[PDB]
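Below sits a lone chain in structure tokens, taken as the form deposited without ligand THP.
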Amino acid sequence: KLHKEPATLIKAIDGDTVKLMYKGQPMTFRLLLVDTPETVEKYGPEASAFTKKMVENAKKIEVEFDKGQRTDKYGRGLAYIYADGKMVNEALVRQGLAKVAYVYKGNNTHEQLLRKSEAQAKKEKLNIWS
């Protein structure tokens, strides 16, 4: 079973990357299973703003590692980030501000959930899907 761990926001970089204090040390996290537009790509600024707003206004930030590899080649943690219980990864996808990325090294626990939301956002021709 996956476990949520508290973190404290340090700095939101862009749509899919956040800087957090995790276990008494700063660390950069790359949001699992999502590909947001890079800031400046169409919708890049919107995905960045959405992620920033979501994590700054949160009272509680939690990180949840998946069952596969926990860090990428650049040393970024790979996790699902929760802001007051709401998963940022899913929130971005549901809003049409990101696409579900290909599974990476066995980290696929929430792939189905995100695929459903993406289908719906696409069905609503939201943002990236307009």
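The first residue of the shown sequence is 1; numbering continues from there.
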item: Where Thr39 meets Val40 in the shown sequence, the number of deposited residues left unmodelled; value: 4 to 9
item: Between 39-47 and 63-71 (mean CA B-factor, as deposited), the higher; value: 39-47
item: 90-98 versus 54-62 - greater average Cα B-factor per the deposited record; value: 54-62
item: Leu32 by Cα B-factor - lowest, middle or highest third of the modelled chain; value: lowest
item: Modelled-residue ranking by C-alpha temperature factor, third containing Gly106; value: lowest
item: Third assignment of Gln120 from its chain's C-alpha B-factors; value: middle
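What follows is about the form solved in complex with ligand THP, which we do not show.
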item: Triplet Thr17, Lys73 and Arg76 all within 4.5 Å of ligand THP in the entry with it bound via a heavy atom; value: yes
item: Residue (of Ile61, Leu32, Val88, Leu97) lying close to ligand THP in the entry with it bound, criterion heavy atoms within 4.5 Å; value: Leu32
